[PDB]
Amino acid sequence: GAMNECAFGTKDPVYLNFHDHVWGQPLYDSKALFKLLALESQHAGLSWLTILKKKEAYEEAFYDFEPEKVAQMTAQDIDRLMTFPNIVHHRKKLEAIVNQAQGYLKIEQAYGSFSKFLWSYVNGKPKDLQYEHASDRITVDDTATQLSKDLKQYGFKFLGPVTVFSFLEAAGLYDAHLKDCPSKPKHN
């Protein structure tokens, strides 16, 4: 049905739980946003589900994505992470997360909260993309492009326009659920 079309054809409970409980559901917590963004930066070259199934390994490797702690991680911490089981052993991907955490802190120093900074890009309100078929879906737009460029200036890495657009969908700043998907969030 509509769920199968919306949820990338998966019958895997982990992916289906993510589709229903996380993907496209507006997320307002600053640290939870950082975490989702950081996981997204790890995707390129792998499947998304592959990253999802490494989430717990990442949480342990990165102090549950607590930005103050992640930002303090050293070259030596990254050396250790190169053989930490079940995270992606791609040094620059891992270093990227440390740089992201640093950028997060810079943003919060300027604007008070990472959440507020992000949500400003959709004027504080989820953008219902109003899709009806999976074939309607785009992979990048002007807003994701601008956010990507702006993040880069703060030191964020591995977060190009396409990757930032996927994160917008996942964090529910964009709702990319199909109209008849049973998990489509309600909008005011």
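Throughout, we count residues from 1 along the sequence that is shown.
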Residue range whose averaged C-alpha B-factor is higher in the record, 75 to 83 or 93 to 101: 75 to 83
132 to 140 or 64 to 72, whichever carries the higher mean Cα B-factor: 64 to 72
Among modelled residues of the same chain, the CA temperature factor third for residue 124: middle
Cα B factor band for residue 34 (lowest, middle or highest third within the chain): lowest
Where the record places residue 25 (Cα B-factor, split into thirds across the chain): middle
Among modelled residues of the same chain, the CA temperature factor third for residue 153: highest
Relative C-alpha B-factor of residue 52, binned into the chain's lowest, middle or highest third: highest
